[PDB]
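Take a look at this single chain in structure tokens; it is the form deposited in one PDB entry.
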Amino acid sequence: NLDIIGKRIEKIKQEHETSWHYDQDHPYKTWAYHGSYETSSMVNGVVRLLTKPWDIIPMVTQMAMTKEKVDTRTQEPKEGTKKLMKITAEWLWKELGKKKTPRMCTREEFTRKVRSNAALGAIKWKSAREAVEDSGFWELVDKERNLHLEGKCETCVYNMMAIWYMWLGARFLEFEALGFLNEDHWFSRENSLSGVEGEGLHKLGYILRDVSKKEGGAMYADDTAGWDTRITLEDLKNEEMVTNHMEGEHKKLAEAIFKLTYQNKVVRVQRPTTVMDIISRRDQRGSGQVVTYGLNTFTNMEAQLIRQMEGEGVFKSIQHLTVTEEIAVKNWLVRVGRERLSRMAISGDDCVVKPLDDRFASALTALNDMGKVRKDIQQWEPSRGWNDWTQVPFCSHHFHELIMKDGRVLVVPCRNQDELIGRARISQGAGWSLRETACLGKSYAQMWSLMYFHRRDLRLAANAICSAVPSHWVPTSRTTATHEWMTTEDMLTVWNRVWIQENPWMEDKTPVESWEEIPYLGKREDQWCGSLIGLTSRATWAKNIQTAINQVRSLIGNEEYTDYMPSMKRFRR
């Protein structure tokens, strides 16, 4: 306890020795308190000017305007549960490890990742680049590094905002020890069977249709209420077992990340009463986002195999596993474990499961005792399943089967169109030039052309934005699945590569010659999913689109533009 976290606290105490007090009106119950000390979404004008009909749709316009789950506790699982998790976790790290080798990630790999801008959850230096291009940073890194090899920590402290930011250094040390899980694709579908890491939104619907082809019961897609808060100290121990597969320095650096920063956290939170609270806890998820995704995927795979074992009668009670049950659990994993992984699609806390039969629906004792309580259903009410893979929610989408005029089959991603338009009208951060705002609009437009071409309004609005932004300007994002739309290559060429040439579910490789060969949803179904077709507002927008394109061209100025509208039958004379 205080031996592991004391140093980090001690060091914070001294930097604010002027202001340190044990505040007695501290609002924490489950978070151990230690002391205190004194300390918006912007609109994208390019996308909004080209989506006028949505200016009067509150579900779009309200998206641009504007704890009691973190400060909760999770009971210790029973002995039977703890044994089921330990056996399953041991088995799963071995399967994931059969064709992969754990290894340290490099300064070079980190330096490259920071010099191409990604989600790093980081807070003497300004930007990430400067610190990476400074030897002093690496000496600070080196000091903590040697502290970790010595089994101690001084500067690895979380800052809450839920996202848990760290100083780049602590983030580097995290990356060095555990970055291999993402960098070497441990959660790819090929390696994990249930995972979808690196798949891409143009593959997820085909993956759910392949799960639907298995014999068995309904498709279950239960969401957990606040997954990150429900990660138990036991879950963190089972995750730590990945270190059993490591050696040398790597093994020691990884054991220190798990022991010192995951299983024993130190956090700073702003309270308006404005003070800084220094709190600690031993449970809950609070890594960096990328490691969080891989370990969430691992623990979710483990939890869903145990729920499958429960439905199949492999064990009778979570109170205690008998000696023979243990062997039966091990024998089930060796005999059918890989087949049962193949019946799932798991993306962090998000799952779809097609079990052997519907006994799964009421197999709730292990799931509830592991702390993975289902959202929006009563604790002991059986899960409701989906009879049709096209209705299943996954990764905030559903999926349509769409038949091309030439007979070939596309499985396409979809979500309510108000959500798509409302997100594309939002930027994050300050100091955006008009060029940078235009290039972010172009990134949304090209994503729409590639993923949501089947939605009449989005194909039209994507064509308009690409016509309104200079043809050679490069799409950008400030935080960056696989992003095939992030390119200045011709979008028809990219569509053909993604949906025909490289699509393993498409046997006929005949290229598509124009956008008019690429189908839409049915008119009614397109309207079900939030299309504004059949509204006078939408008809006037579509008719007068060249006027809207010309307004934006006039703002940006005298640049080289292409007209993409004649790619659509209605503007093609």
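When you see a residue number, it is the position in the sequence shown, counting from 1. Rigid core (definition): largest C-alpha set, two forms, superposition within 1.5 Å.
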For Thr479, does the count of other compared entries lacking it reach at least a third?
-> yes
Unmodelled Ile123 in at least one third of other entries with both flanks present | yes
Unmodelled stretch of the deposited sequence separating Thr66 from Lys67, binned as none, 1 to 3, 4 to 9 or 10 or more = 10 or more
Should the segment between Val494 and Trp495 be described as having none, 1 to 3, 4 to 9, or 10 or more unmodelled residues of the deposited sequence?
-> none
337-345 or 374-382, whichever carries the higher mean Cα B-factor = 374-382
In the PDB record, does 404-412 or 78-86 carry the higher mean Cα temperature factor?
-> 78-86
Of the residues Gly200, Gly441, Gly151, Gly217, the one whose Cα carries the largest B-factor in the deposited record is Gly151
Using the entry's values, work out which of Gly422, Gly429, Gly205, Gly226 has the largest Cα B factor.
-> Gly429
Against its chain's modelled residues, does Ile549's Cα B factor rank lowest, middle or highest third?
-> lowest
Within this chain's modelled residues, let me know which third the CA B factor of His34 belongs to: lowest, middle or highest.
-> highest
Thinking about Cα B factors across the chain, which third does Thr540 belong to?
-> middle
Which third, lowest, middle or highest, does the CA B-factor of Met506 fall in along this chain?
-> middle
For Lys354, the third of its chain into which the C-alpha B factor falls = lowest
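In what follows, reference is made to the form deposited in another entry, a form of this protein that is not presented.
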Which one of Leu149, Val494, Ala328, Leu233, by Cα shift of 2 Å or more between the shown form and the other one, core superposed | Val494
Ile12: with the rigid core matched between the shown form and the other one, does its Cα shift 2 Å or more?
-> no
Is the C-alpha displacement of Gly313 equal to or greater than 2 Å between the shown form and the other one once the rigid core has been superposed?
-> no
Does superposing the core leave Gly248 with a CA shift of 2 Å or more between the shown form and the other one?
-> no
Closer or farther in the other entry, the Cα atoms of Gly431 and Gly169, when the shift from this form is 3 Å or more | farther
